[PDB]
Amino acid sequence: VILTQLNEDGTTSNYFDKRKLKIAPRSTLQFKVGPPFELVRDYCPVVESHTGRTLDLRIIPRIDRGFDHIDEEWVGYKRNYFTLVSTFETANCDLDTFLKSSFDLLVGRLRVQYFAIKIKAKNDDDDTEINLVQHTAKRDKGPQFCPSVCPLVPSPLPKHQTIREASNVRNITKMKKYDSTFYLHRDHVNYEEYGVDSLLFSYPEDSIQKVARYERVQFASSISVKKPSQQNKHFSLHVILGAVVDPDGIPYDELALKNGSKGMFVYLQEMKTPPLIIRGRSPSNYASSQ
């Protein structure tokens, strides 16, 4: 009925089928590690502007809520939240050095303003994009929004337990405890240590995330979860690492820039999950029907 796997940090993931077992909304059993991500591809190379050294990049993503491993399928529920977190790392550059340096895209060199992550959902069989929506903790009593592009600096990915613990913090003392895990406050560095052209100082805001945390995420309410044949559709969640550049023949998305103009989010690397099944609102997807 409940199948248990030990996570990397010694917490457990407890996989259960909501058709058969109903668990309380805030039970820790609702937190669990989802499917592992795989490389789709690498895109534009990035080099350090004097040394010419290629920057090694790696996305480090994880799902922490919303998906169960049931009979060799990964299963989510249309009505319920998932959590997708990600960092990236630069194997050949320590953070402190990285932030003082400057980097170009090797297309012929566009200057990188900052690095950022976005997420997408797709139909895994035909590559059609599927809309994602997020809520605040207030859900229907607050606004709905689409996942945003998240500027980030390189960081290790927090353990599953840390993401759990930080999911619904309001208390100022507890917020302070987690601040250094999730944020870099540029306004607190010694500005004299940095050149005008340094990467740190081309990030758009002073508060810079170390971790992209997409919580309270759902597939859009309009998604059809079954094919006409009544077979389940297969979905996939994608994480894309990009370099944001000034636009003034490679994969990119347009982005609302900080100075008002049209920025370009140039793709660097993309990872995706294996195929995902999503259970819809049918009564037969719930233990209450039995």
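Each residue number is its position in the shown sequence, starting from 1.
Visitor: Report, from the record, the number of residues in the deposited sequence between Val107 and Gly108 that have no coordinates, as none, 1 to 3, 4 to 9, or 10 or more.
Guide: Count of unmodelled residues in between: 4 to 9.
Visitor: What size is the break between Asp248 and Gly249 in terms of deposited sequence residues left without coordinates: none, 1 to 3, 4 to 9, or 10 or more?
Guide: Going from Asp248 to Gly249, the model skips 4 to 9 residues of the deposited sequence.
Visitor: Taking only the CA atoms, which stretch has the higher mean B-factor in the record, 280 to 288 or 4 to 12?
Guide: Mean C-alpha B-factor is greater for 280 to 288.
Visitor: Mean C-alpha B-factor higher for 216 to 224, or for 182 to 190?
Guide: For C-alpha atoms only, the mean B-factor is higher in 216 to 224.
Visitor: Sorting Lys100, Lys78, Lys210, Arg139 by Cα temperature factor from the record, which one lands on top?
Guide: In this record, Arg139 carries the highest C-alpha B-factor of the candidates.
Visitor: Which one of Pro61, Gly263, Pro45, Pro35 shows the top CA temperature factor in the record?
Guide: Result of the comparison over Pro61, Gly263, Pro45, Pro35: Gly263.
Visitor: Rank-wise, by C-alpha B-factor, drop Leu39 into the lowest, middle or highest third of its chain.
Guide: As the PDB entry reports it, the C-alpha B-factor of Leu39 lands in the middle third of its chain.
Visitor: Against its chain's modelled residues, does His160's Cα B factor rank lowest, middle or highest third?
Guide: For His160, the deposited C-alpha B-factor lands in the lowest third.
Visitor: Please say which third, lowest, middle or highest, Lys272 falls into when its CA temperature factor is compared across its chain.
Guide: According to the entry, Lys272 has a C-alpha B-factor in the chain's lowest third.
Visitor: Test of reading the entry: by CA B factor among the chain's modelled residues, which third contains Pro143?
Guide: Highest third - that is where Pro143 ends up once the chain's C-alpha B-factors are sorted.
Visitor: Quick check on the deposited entry: does the C-alpha B-factor of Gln134 sit in the lowest, middle or highest third of its chain?
Guide: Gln134: CA B-factor falls in the lowest third of its chain.
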